[PDB]
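Raw contents of final-v2.cif, mmCIF, C-alpha atoms:
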data_data
#
loop_
_atom_site.label_atom_id
_atom_site.label_comp_id
_atom_site.auth_asym_id
_atom_site.auth_seq_id
_atom_site.Cartn_x
_atom_site.Cartn_y
_atom_site.Cartn_z
CA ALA A 2 84.55 -43.91 139.43
CA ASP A 3 88.40 -44.26 139.99
CA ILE A 4 89.89 -41.48 142.27
CA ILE A 5 93.48 -43.05 142.71
CA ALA A 6 93.69 -43.13 138.81
CA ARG A 7 92.71 -39.35 138.49
CA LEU A 8 95.14 -38.17 141.36
CA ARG A 9 98.36 -39.58 139.62
CA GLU A 10 97.44 -37.62 136.35
CA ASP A 11 96.50 -34.39 138.40
CA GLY A 12 100.22 -33.46 139.17
CA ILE A 13 99.94 -34.90 142.77
CA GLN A 14 100.98 -38.51 143.79
CA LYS A 15 99.10 -40.29 146.71
CA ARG A 16 99.97 -43.13 149.18
CA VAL A 17 97.75 -44.73 151.93
CA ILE A 18 99.45 -46.12 155.11
CA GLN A 19 96.39 -48.01 156.65
CA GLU A 20 93.25 -48.66 154.48
CA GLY A 21 90.38 -47.90 156.94
CA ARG A 22 86.74 -49.13 157.33
CA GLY A 23 83.34 -48.85 155.56
CA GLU A 24 81.94 -47.27 152.34
CA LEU A 25 83.62 -44.23 150.63
CA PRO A 26 80.92 -41.31 150.70
CA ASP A 27 80.01 -38.53 148.12
CA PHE A 28 82.80 -35.82 148.63
CA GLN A 29 80.78 -33.10 146.73
CA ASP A 30 79.85 -29.37 147.35
CA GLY A 31 78.75 -29.29 151.05
CA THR A 32 80.41 -32.44 152.67
CA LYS A 33 81.80 -32.09 156.26
CA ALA A 34 85.08 -34.13 156.27
CA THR A 35 86.53 -34.23 159.87
CA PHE A 36 90.21 -35.41 160.06
CA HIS A 37 93.75 -34.66 161.48
CA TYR A 38 96.62 -32.96 159.46
CA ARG A 39 100.49 -32.81 159.77
CA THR A 40 102.24 -30.59 157.16
CA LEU A 41 106.05 -31.09 156.98
CA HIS A 42 108.77 -30.25 154.36
CA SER A 43 109.50 -33.12 151.86
CA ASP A 44 113.34 -33.09 151.10
CA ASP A 45 114.52 -29.35 151.45
CA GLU A 46 114.88 -29.56 155.33
CA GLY A 47 112.43 -32.25 156.65
CA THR A 48 110.99 -29.64 159.20
CA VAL A 49 107.36 -29.85 160.54
CA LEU A 50 105.56 -26.49 159.98
CA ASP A 51 102.09 -27.63 161.38
CA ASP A 52 100.96 -30.67 163.52
CA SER A 53 97.35 -31.33 164.82
CA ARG A 54 97.37 -35.07 165.89
CA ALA A 55 100.59 -34.20 167.87
CA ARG A 56 98.33 -32.44 170.51
CA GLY A 57 95.15 -34.59 169.66
CA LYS A 58 92.97 -31.65 168.29
CA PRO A 59 91.31 -32.52 164.80
CA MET A 60 90.54 -30.00 161.99
CA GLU A 61 87.34 -29.65 159.85
CA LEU A 62 87.27 -29.09 156.04
CA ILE A 63 84.05 -28.16 154.16
CA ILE A 64 84.11 -29.59 150.56
CA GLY A 65 83.62 -26.69 148.02
CA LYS A 66 81.15 -24.27 149.79
CA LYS A 67 82.78 -22.51 152.87
CA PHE A 68 86.53 -23.52 152.61
CA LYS A 69 89.12 -21.58 150.52
CA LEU A 70 91.96 -24.22 149.94
CA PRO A 71 90.84 -26.94 147.27
CA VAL A 72 93.99 -29.25 147.59
CA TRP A 73 92.77 -30.51 151.11
CA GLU A 74 89.50 -31.69 149.33
CA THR A 75 91.35 -33.62 146.47
CA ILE A 76 93.73 -35.17 149.19
CA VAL A 77 90.65 -36.50 151.22
CA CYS A 78 88.30 -37.54 148.25
CA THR A 79 90.18 -40.98 148.19
CA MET A 80 89.90 -41.38 152.09
CA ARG A 81 87.13 -43.18 154.15
CA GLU A 82 86.11 -43.21 157.93
CA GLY A 83 89.27 -44.47 159.77
CA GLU A 84 91.79 -44.36 156.76
CA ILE A 85 95.31 -42.82 157.25
CA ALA A 86 97.28 -41.49 154.16
CA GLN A 87 100.55 -39.41 153.89
CA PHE A 88 101.76 -37.87 150.57
CA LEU A 89 103.21 -34.85 148.61
CA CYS A 90 101.26 -32.24 146.53
CA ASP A 91 102.80 -30.02 143.75
CA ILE A 92 103.20 -26.20 144.36
CA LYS A 93 100.53 -25.32 141.64
CA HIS A 94 97.88 -26.71 144.17
CA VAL A 95 99.57 -25.55 147.54
CA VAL A 96 100.34 -21.91 146.23
CA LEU A 97 97.44 -20.46 148.41
CA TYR A 98 98.05 -22.85 151.45
CA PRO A 99 100.09 -20.01 153.37
CA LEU A 100 97.12 -17.55 152.65
CA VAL A 101 94.28 -19.95 153.89
CA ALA A 102 96.40 -20.92 157.01
CA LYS A 103 95.58 -17.26 158.12
CA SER A 104 91.75 -18.22 158.01
CA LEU A 105 91.45 -22.02 158.93
CA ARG A 106 92.83 -20.77 162.35
CA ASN A 107 91.15 -17.26 162.50
CA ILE A 108 87.74 -17.37 160.59
CA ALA A 109 87.12 -20.90 162.21
CA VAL A 110 86.22 -19.09 165.57
CA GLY A 111 82.49 -19.28 164.52
CA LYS A 112 81.39 -18.41 160.88
CA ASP A 113 82.74 -15.13 159.23
CA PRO A 114 85.02 -12.38 160.95
CA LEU A 115 82.47 -9.71 162.23
CA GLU A 116 79.47 -12.24 162.05
CA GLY A 117 80.72 -14.36 165.04
CA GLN A 118 83.28 -12.09 166.84
CA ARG A 119 82.91 -14.15 170.10
CA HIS A 120 84.38 -17.29 171.85
CA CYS A 121 81.17 -19.43 172.32
CA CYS A 122 82.10 -23.01 171.16
CA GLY A 123 85.09 -24.29 173.28
CA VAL A 124 87.66 -21.51 174.19
CA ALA A 125 87.27 -20.27 177.85
CA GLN A 126 89.83 -19.09 180.53
CA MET A 127 93.15 -18.46 178.60
CA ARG A 128 95.21 -15.19 179.05
CA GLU A 129 97.52 -15.20 175.94
CA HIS A 130 98.50 -12.59 173.25
CA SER A 131 98.44 -14.54 169.89
CA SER A 132 99.90 -11.93 167.35
CA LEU A 133 99.81 -13.08 163.64
CA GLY A 134 103.11 -13.29 161.65
CA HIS A 135 104.54 -16.79 160.91
CA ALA A 136 108.05 -17.95 159.78
CA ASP A 137 107.27 -21.75 159.19
CA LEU A 138 104.48 -21.26 156.49
CA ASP A 139 105.99 -17.79 155.43
CA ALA A 140 109.13 -19.77 154.19
CA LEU A 141 106.85 -20.57 151.10
CA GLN A 142 106.16 -16.78 150.47
CA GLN A 143 109.99 -16.31 149.89
CA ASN A 144 110.65 -19.85 148.34
CA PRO A 145 107.54 -22.19 147.58
CA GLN A 146 108.04 -26.00 148.11
CA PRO A 147 105.82 -29.23 147.49
CA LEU A 148 104.84 -30.37 151.06
CA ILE A 149 103.97 -33.72 152.84
CA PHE A 150 100.32 -33.65 154.12
CA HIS A 151 99.81 -36.55 156.62
CA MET A 152 95.97 -36.68 156.94
CA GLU A 153 94.18 -39.11 159.37
CA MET A 154 90.40 -39.64 158.58
CA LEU A 155 88.04 -40.24 161.56
CA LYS A 156 84.45 -39.20 160.39
CA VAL A 157 82.89 -37.66 157.18
CA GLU A 158 79.19 -36.59 156.70
CA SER A 159 77.25 -35.70 153.47
CA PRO A 160 74.83 -32.64 152.66
CA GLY A 161 71.62 -33.67 154.52
CA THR A 162 72.99 -35.36 157.72
CA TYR A 163 75.64 -32.71 158.86
CA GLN A 164 74.54 -29.71 161.07
CA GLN A 165 76.19 -27.12 163.44
CA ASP A 166 74.56 -26.60 166.93
#

Any chance you could put this one into structure tokens?
Amino acid sequence: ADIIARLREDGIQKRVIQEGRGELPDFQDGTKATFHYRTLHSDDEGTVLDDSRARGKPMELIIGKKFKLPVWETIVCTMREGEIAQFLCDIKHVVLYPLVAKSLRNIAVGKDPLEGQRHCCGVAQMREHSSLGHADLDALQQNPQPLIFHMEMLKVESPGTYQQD
């Protein structure tokens, strides 16, 4: 119906930079929204904690079925194929963002932890010790802050057309 009018009364406040192209799809339980993300601090420091379009490697959010963090889904429900929007969300919604950051990296290897314990998708020939224990997103665990999420929409598919190979 009107998604810009429900976001302003949700606690959050949205802003689009470039209005994209085409028709706005369903955004319901089982939609594959593929986009970039750049999380930086709003007015406490101005520091960038995470940056995906900086290297050119896009993320993937499942609407309300696989994915744990629901504020990424309410951010992208207003956004269409090719639309770019940057905006703050209140700490009541991004409280479990530093907990799901330890699974949108790790569980995203290939469906569940023990289920796909294997690099067979696109990770081959890299000798590096990773070692989990952040200070950029663990700054919220000592002092939680409402962050700027710069999302960049590229493609989004509905339950029926989307499939993994």

> Which residues come within 6 Å of residue 84 of chain A, counting all atoms listed in the file, excluding same-chain residues fewer than 2 positions away, as a PyMOL selection string?
Replying inline: chain A and resi 19-21+80-82+154

>> Here's the selection I'm unsure about, the PyMOL selection byres ((chain A and resi 34) around 7); applied to the file above, which residues does it give, as a PyMOL selection string?
In response: chain A and resi 32-33+35-36+61-63+156-158

> Which residue, A:47, A:145, A:83, A:12, has the smallest gap to residue 24 of chain A when you use all atoms listed in the file?
Replying inline: A:83

> Do you know which residues are at most 6 Å from segment 92-105 of chain A counting all atoms listed in the file, after dropping those on the same chain fewer than 2 positions away, and could you put them as an MDAnalysis selection string?
Replying inline: chainID A and resid 72 107:109 138 147

>> For the provided coordinates, the residues matched by the PyMOL selection byres ((chain A and resi 74) around 8) should be stated as a PyMOL selection string.
In response: chain A and resi 28+62+64-65+70-73+75-78

>> I'd like to see the residues matched by the PyMOL selection byres ((chain A and resi 166) around 10) on this file, and ideally I'd get them as number ranges by chain.
In response: A: 122, 164-165

>> Give me, as a VMD selection string, all polymer residues having an atom no more than 7 Å from residue 89 of chain A, counting all atoms listed in the file and skipping those fewer than 4 positions away in the same chain.
In response: chain A and resid 13 to 14 147 to 150

> Looking at A:39, A:7, A:130, A:16, which one is nearest to residue 60 of chain A, with distances taken over all atoms listed in the file?
Replying inline: A:39

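Atom CA of residue 79 of chain A is positioned 14.9 Å from atom CA of residue 159 of chain A.
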
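Going from atom CA of residue 124 of chain A to atom CA of residue 110 of chain A covers 9.1 Å.
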
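Each of A:90, A:45, A:2, A:9 was compared to residue 25 of chain A using all atoms listed in the file, and A:2 turns out to be the nearest.
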
> Between atom CA of residue 3 of chain A and atom CA of residue 26 of chain A, what is the spacing in Å?
Replying inline: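 Computing the Euclidean distance for atom CA of residue 26 of chain A and atom CA of residue 3 of chain A yields 13.4 Å.
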
> When distances are computed from only C-alpha atoms, which of A:55, A:127, A:17, A:121 shows the smallest separation from residue 37 of chain A?
Replying inline: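 Residue with the minimum atom-to-atom distance to residue 37 of chain A: A:55.
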
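When all atoms listed in the file are used to compute distances to residue 163 of chain A, the closest of the residues A:136, A:56, A:31, A:143 turns out to be A:31.
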
N, CA, C and O atoms modelled onto segment 113-128 of chain A, as a PDB file, in the coordinates of the input:
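Writing the result to rebuild08.pdb gives the following:
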ATOM      1  N   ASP A 113      82.421 -16.537 159.630  1.00  0.00           N
ATOM      2  CA  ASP A 113      82.740 -15.130 159.230  1.00  0.00           C
ATOM      3  C   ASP A 113      83.453 -14.233 160.306  1.00  0.00           C
ATOM      4  O   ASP A 113      83.332 -14.524 161.502  1.00  0.00           O
ATOM      5  N   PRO A 114      84.224 -13.152 159.964  1.00  0.00           N
ATOM      6  CA  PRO A 114      85.020 -12.380 160.950  1.00  0.00           C
ATOM      7  C   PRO A 114      84.168 -11.517 161.932  1.00  0.00           C
ATOM      8  O   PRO A 114      84.114 -11.844 163.121  1.00  0.00           O
ATOM      9  N   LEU A 115      83.465 -10.479 161.432  1.00  0.00           N
ATOM     10  CA  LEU A 115      82.470  -9.710 162.230  1.00  0.00           C
ATOM     11  C   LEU A 115      81.180 -10.500 162.633  1.00  0.00           C
ATOM     12  O   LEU A 115      80.644 -10.238 163.713  1.00  0.00           O
ATOM     13  N   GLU A 116      80.684 -11.434 161.787  1.00  0.00           N
ATOM     14  CA  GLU A 116      79.470 -12.240 162.050  1.00  0.00           C
ATOM     15  C   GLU A 116      79.445 -12.984 163.419  1.00  0.00           C
ATOM     16  O   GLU A 116      78.543 -12.732 164.222  1.00  0.00           O
ATOM     17  N   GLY A 117      80.453 -13.841 163.687  1.00  0.00           N
ATOM     18  CA  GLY A 117      80.720 -14.360 165.040  1.00  0.00           C
ATOM     19  C   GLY A 117      82.078 -13.862 165.556  1.00  0.00           C
ATOM     20  O   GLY A 117      83.068 -14.595 165.482  1.00  0.00           O
ATOM     21  N   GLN A 118      82.099 -12.631 166.109  1.00  0.00           N
ATOM     22  CA  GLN A 118      83.280 -12.090 166.840  1.00  0.00           C
ATOM     23  C   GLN A 118      83.133 -12.357 168.368  1.00  0.00           C
ATOM     24  O   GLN A 118      82.831 -11.460 169.163  1.00  0.00           O
ATOM     25  N   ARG A 119      83.306 -13.637 168.756  1.00  0.00           N
ATOM     26  CA  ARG A 119      82.910 -14.150 170.100  1.00  0.00           C
ATOM     27  C   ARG A 119      83.472 -15.592 170.273  1.00  0.00           C
ATOM     28  O   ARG A 119      83.407 -16.416 169.352  1.00  0.00           O
ATOM     29  N   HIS A 120      83.957 -15.905 171.488  1.00  0.00           N
ATOM     30  CA  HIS A 120      84.380 -17.290 171.850  1.00  0.00           C
ATOM     31  C   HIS A 120      83.202 -17.997 172.583  1.00  0.00           C
ATOM     32  O   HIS A 120      83.109 -17.974 173.815  1.00  0.00           O
ATOM     33  N   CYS A 121      82.305 -18.620 171.792  1.00  0.00           N
ATOM     34  CA  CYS A 121      81.170 -19.430 172.320  1.00  0.00           C
ATOM     35  C   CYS A 121      81.077 -20.752 171.511  1.00  0.00           C
ATOM     36  O   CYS A 121      80.213 -20.928 170.644  1.00  0.00           O
ATOM     37  N   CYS A 122      82.004 -21.681 171.814  1.00  0.00           N
ATOM     38  CA  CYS A 122      82.100 -23.010 171.160  1.00  0.00           C
ATOM     39  C   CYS A 122      82.955 -23.937 172.075  1.00  0.00           C
ATOM     40  O   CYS A 122      82.403 -24.868 172.668  1.00  0.00           O
ATOM     41  N   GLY A 123      84.269 -23.666 172.222  1.00  0.00           N
ATOM     42  CA  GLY A 123      85.090 -24.290 173.280  1.00  0.00           C
ATOM     43  C   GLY A 123      86.456 -23.587 173.469  1.00  0.00           C
ATOM     44  O   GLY A 123      87.499 -24.214 173.262  1.00  0.00           O
ATOM     45  N   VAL A 124      86.435 -22.304 173.881  1.00  0.00           N
ATOM     46  CA  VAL A 124      87.660 -21.510 174.190  1.00  0.00           C
ATOM     47  C   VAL A 124      87.224 -20.622 175.390  1.00  0.00           C
ATOM     48  O   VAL A 124      86.465 -19.658 175.217  1.00  0.00           O
ATOM     49  N   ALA A 125      87.692 -20.960 176.604  1.00  0.00           N
ATOM     50  CA  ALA A 125      87.270 -20.270 177.850  1.00  0.00           C
ATOM     51  C   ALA A 125      88.379 -20.380 178.920  1.00  0.00           C
ATOM     52  O   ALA A 125      88.865 -21.476 179.228  1.00  0.00           O
ATOM     53  N   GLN A 126      88.762 -19.219 179.490  1.00  0.00           N
ATOM     54  CA  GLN A 126      89.830 -19.090 180.530  1.00  0.00           C
ATOM     55  C   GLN A 126      91.244 -19.369 179.936  1.00  0.00           C
ATOM     56  O   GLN A 126      91.802 -20.458 180.110  1.00  0.00           O
ATOM     57  N   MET A 127      91.798 -18.374 179.215  1.00  0.00           N
ATOM     58  CA  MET A 127      93.150 -18.460 178.600  1.00  0.00           C
ATOM     59  C   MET A 127      93.627 -16.997 178.382  1.00  0.00           C
ATOM     60  O   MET A 127      93.124 -16.305 177.489  1.00  0.00           O
ATOM     61  N   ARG A 128      94.613 -16.547 179.185  1.00  0.00           N
ATOM     62  CA  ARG A 128      95.210 -15.190 179.050  1.00  0.00           C
ATOM     63  C   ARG A 128      96.513 -15.325 178.211  1.00  0.00           C
ATOM     64  O   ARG A 128      97.569 -15.694 178.737  1.00  0.00           O
TER      65      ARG A 128
END
